[PDB]
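Quick heads-up: the structure tokens below are two forms of one chain, split into structure 1 and structure 2.
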Structure 1
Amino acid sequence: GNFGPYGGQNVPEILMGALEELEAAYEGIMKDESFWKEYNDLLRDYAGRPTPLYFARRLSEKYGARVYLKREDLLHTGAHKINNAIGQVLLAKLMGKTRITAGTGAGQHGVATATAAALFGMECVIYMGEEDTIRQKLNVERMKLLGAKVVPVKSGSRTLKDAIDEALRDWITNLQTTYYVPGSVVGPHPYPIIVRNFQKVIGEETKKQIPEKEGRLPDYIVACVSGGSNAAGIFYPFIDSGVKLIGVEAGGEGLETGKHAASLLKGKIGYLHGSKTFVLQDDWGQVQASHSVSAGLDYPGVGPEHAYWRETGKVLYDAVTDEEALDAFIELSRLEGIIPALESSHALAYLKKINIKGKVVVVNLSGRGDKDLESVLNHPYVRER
């Protein structure tokens, strides 16, 4: 469970039995034909896979390139999170667990988890941070409609990190009945491998679709990176393929302003939620609060596989600011009629940061941005626009 020096199982000792039980159960389904049949049948009929590779003609003409969008926004619940939530709650039910817990910031992973819990008829308790938006109010009503319990997180600054903290305390105090569902590729082994292996269907589908459109592998593949599950899903089948893989972290107000979530670019090696990885820290090793106009990227850590990919040069990493992501949000809505998630808008914004004239670019559209409409229109950068 080590990606070079990163990863590991840096957890309280009482969690070692659950991690070893999870690792053994996951190793059993690796060859189980029945599991992958029930899972892939749900990905097709319940989630909507395979998602199409859409040629954005008007976006391509603006940049003088051939830009393709991997349409993960067309999935059920409207984000890639549904791919990981279905497979993990299914694994939980197969392991005999009767309760599901998870943490969420705005409510996206909470909705995807509560959706899979209602599909499999399991108890679901979601710990959610505080934000005064119609988006979160809708997610609360979604999760309550799906039958899940929502516990407003009051610890810390009531962020996604604080919600994950409360969900982990729930897991430890309910280890007999509860399965913990992480939202990204951040966590103790084998969680980063489990989440990535559930998301790599994105990159596998992409590898089969792009030669039908261009007769060759793409020149670039761009995806937004916070924890890194959607980027790892599309990057993994293309590792060491020669395709330029670019992960875009949240630059916030600026990489030198102290208000961002670029764990790889500005973080230090540390421990967060079970994994040794790059975390935003001060000089004394204390985790720092992240910031981003995108709630999905507002996380101070990054998956250990991305820290390994960055070190070995297999994936290139950069960041874009809040304003650049807001501009890409409006740009795709006007040019293609697709309202992208503010998370994926960071990857779309990077189309301006690379010389793509005449290049074939695939952008991972990780979700739709209807949840972000009020945040975008009320932002002072857009209001002044």
Structure 2
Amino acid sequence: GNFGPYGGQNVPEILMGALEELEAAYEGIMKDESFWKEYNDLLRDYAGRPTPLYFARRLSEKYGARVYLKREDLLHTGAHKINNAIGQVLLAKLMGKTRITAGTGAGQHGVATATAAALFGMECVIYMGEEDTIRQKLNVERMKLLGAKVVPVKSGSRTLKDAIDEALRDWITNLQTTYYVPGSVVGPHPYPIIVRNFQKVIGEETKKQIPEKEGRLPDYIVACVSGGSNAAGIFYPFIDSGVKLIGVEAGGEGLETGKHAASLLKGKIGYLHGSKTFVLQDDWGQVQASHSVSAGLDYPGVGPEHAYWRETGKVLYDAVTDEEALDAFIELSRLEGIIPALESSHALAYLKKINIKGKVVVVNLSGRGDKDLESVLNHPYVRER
């Protein structure tokens, strides 16, 4: 489970048995034709894969480019999170677990997990930072209808980091019954590999769809990056292909303000939630609070596979600010009639930063923005527009 120097299993010893059991069960389903049959049927008819690769004619006109959007917003529940949640809750069911727990920030992982738990008939307890239960209220409502318990977490910065802290405490307290479902590619081995291997369907589809429109590989693929799962999923089949892969982190109020979530660009090597990776830390090794207008990007660490891709130059990383992402959310809504997630708006904002005239650019549209409507319409920057 190492990506260069990053990754590993940096956990309390009591979890080692659970992780060994998960690693064995996962290696088992890796060759299990009936796991993949059932999983792939649900991806097709329940989640709605393959998702289209949409030529965004008006965006393309505005930038002078050929811009395609990989439409993960069209999945069931409205984000790429469902790819991973169905796969892991299916695994949990096959391992004989009876209960699921997870932490969630935008609420999309929580909704995806609650959906799979409902489908597979499992008890489901979702931890969510209290500030996130307010700016992402639509997803609290969906999780309640799906039968999940939602526990607001009032400690720390009351956002995703603190929700994951409490879900991990719950998992340790409940190891007999409970499977912990990470939403991103952060966590102790084998979780980064499991999540990335459920999300790489995105890149696999893209790789097949782009020669049908343009007859070669794209020039660029752009995806937003917090923990990194939607970006790992679309990048992984293109690593070392020569495509320019660009991961976009949350620059928040600005990378020099101290109010951002840009772990690769501004963090230091450290340990978070089981991985050795880049973490926003002070000079005494204390993890710092992140900030982003996007609840899904508001997390102080990043997946170890991305730390490794950055170090080896296989993927390039940069950031855009809260205001740039808000502008891109509004622009896509107005020009293409698609309301993007505020996470994915960071990737769309980056179109203004590359020299793309004449280029074929794929943007991973990781989810839809209905959860973000109240927050965007009330934001002071948008109110000053």
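One-based numbering along structure 1's sequence throughout. Just so we're on the same page, rigid core means the largest C-alpha set that superposes within 1.5 Å between forms.
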With the core superposed between structure 1 and structure 2, a CA shift of at least 2 Å among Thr133, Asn174, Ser241, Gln209 belongs only to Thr133
Shift in angstrom of the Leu377 C-alpha between structure 1 and structure 2, rigid core held fixed, comes out at 1.3
Once the two forms are overlaid on the core, the CA atom of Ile82 shifts between structure 1 and structure 2, in angstrom, by 0.5
